[PDB]
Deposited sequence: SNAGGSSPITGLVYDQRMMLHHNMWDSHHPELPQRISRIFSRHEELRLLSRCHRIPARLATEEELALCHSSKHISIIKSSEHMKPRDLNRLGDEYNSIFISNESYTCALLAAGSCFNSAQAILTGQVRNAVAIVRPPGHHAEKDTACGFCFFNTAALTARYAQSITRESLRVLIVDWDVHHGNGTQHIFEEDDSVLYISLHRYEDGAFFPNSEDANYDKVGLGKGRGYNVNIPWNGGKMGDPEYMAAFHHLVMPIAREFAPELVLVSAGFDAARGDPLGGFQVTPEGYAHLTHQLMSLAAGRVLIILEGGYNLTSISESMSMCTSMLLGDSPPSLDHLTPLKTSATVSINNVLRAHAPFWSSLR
């Protein structure tokens, strides 16, 4: 009954040379790691080493063009770096960015491998830059390669091609890249909760609405839970898990659960505007460990209040280690009930549990 933890200080080297206060800070990961030491959670985990993803592994989800362009940034001078970064939606690049993205992905591959070989029951990956906005052919929203999507395909490559992987994305933003990578796939179920605001919230696409249910063989295997017109927190997220996430997940019967665990829906986040508490994230984690015989990998995505993300991630690791859920602190916001109903109507055709 062992929990794995991966963290490597080298992933701090990716940085914004124009704006050293950009919120996707190197110290996001050192702060989370420090809080694990502070709470004496680190000694209770088995340390899994980081490694570099290979280019062949990157090609599980990304085009050779995209891999080659990001790879080449390793040797560019600033004017090439600033120019290339400005060509994407919301990207900064330094000479260390490619290596850090490789380390984030390889850290998660090693963690998924440790879970799938029975060396650990579950695991947490304290990694940056994040992944879930990265597309097959382009970088986006602080993300270069889609770490969680790559980990799903890597897991399939070391087990069987049709291994059922559930990705729960509770970052406050829609994981456009993860949805698109798996949109025609019935072997990877994507469930995202996200602030939507009728398309006005980053990444600003109606791709995030509830009626996008998957394409082709993937019809029914993309579940968008979009929030509008409300400061959502623990009540709304608990309800979404009770009515939608867990019934669908149990029916899917995943063999591996990956969490695209952004903590920017947290109370105090400067960007998300939501109020999920650390106890709330602990309860979401605890529910997901009832799936896949407990095989859960928690992957850091966004989250920009250093204190909030540190407390919130650590509480998730505490649940993975078997600690019992802390106690939650309210009637659902009206629009949250509407959102949950809309999703129930859109996915009841595909999931008899609804």
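Which ranges of the deposited chain go unmodelled, in order along the sequence?
Unobserved in coordinates, per deposited numbering: 1-7, 337-338, 364.
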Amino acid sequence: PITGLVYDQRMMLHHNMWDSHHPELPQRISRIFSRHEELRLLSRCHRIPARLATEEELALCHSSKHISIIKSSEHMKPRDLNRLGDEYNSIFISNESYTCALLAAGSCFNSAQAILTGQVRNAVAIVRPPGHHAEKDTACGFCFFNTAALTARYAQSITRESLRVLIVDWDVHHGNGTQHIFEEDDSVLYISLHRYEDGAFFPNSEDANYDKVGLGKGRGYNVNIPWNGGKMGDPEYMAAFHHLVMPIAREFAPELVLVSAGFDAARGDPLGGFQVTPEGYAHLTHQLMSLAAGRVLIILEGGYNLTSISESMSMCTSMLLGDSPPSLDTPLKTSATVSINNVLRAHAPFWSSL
From here on, numbers count along this sequence of modelled residues.
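Across other compared entries, residue 329 missing in at least a third:
Residue status for residue 329: gap in at least one third of the other entries.
Where do the C-alpha atoms have the higher mean temperature factor in this entry, in 52-60 or in 296-304?
Per the PDB entry, the higher value belongs to 52-60.
Looking only at CA atoms, which has the higher mean B factor in the entry: 308-316 or 38-46?
For C-alpha atoms only, the mean B-factor is higher in 38-46.
Which one, 258, 76, 127, 193, has the peak C-alpha temperature factor per the PDB entry?
Comparing C-alpha B-factors across 258, 76, 127, 193, the top value belongs to 76.
Relative C-alpha B-factor of residue 109, binned into the chain's lowest, middle or highest third:
Ranked within chain, residue 109 CA B lands in the lowest tercile.
C-alpha B factor of residue 175, ranked within the chain: lowest, middle or highest third?
Answer is lowest: the recorded C-alpha B-factor places it there.
Using the B-factors in the PDB entry, rank residue 30's C-alpha atom against the chain and give the third, lowest, middle or highest.
Lowest third of the chain for residue 30's C-alpha B-factor.
Assigned third (lowest, middle, highest) for the C-alpha B factor of residue 90
CA B-factor rank for residue 90: highest third.
Ranking every modelled residue in this chain by its Cα temperature factor as given in the entry, which third contains residue 168?
Bottom third by C-alpha B-factor.
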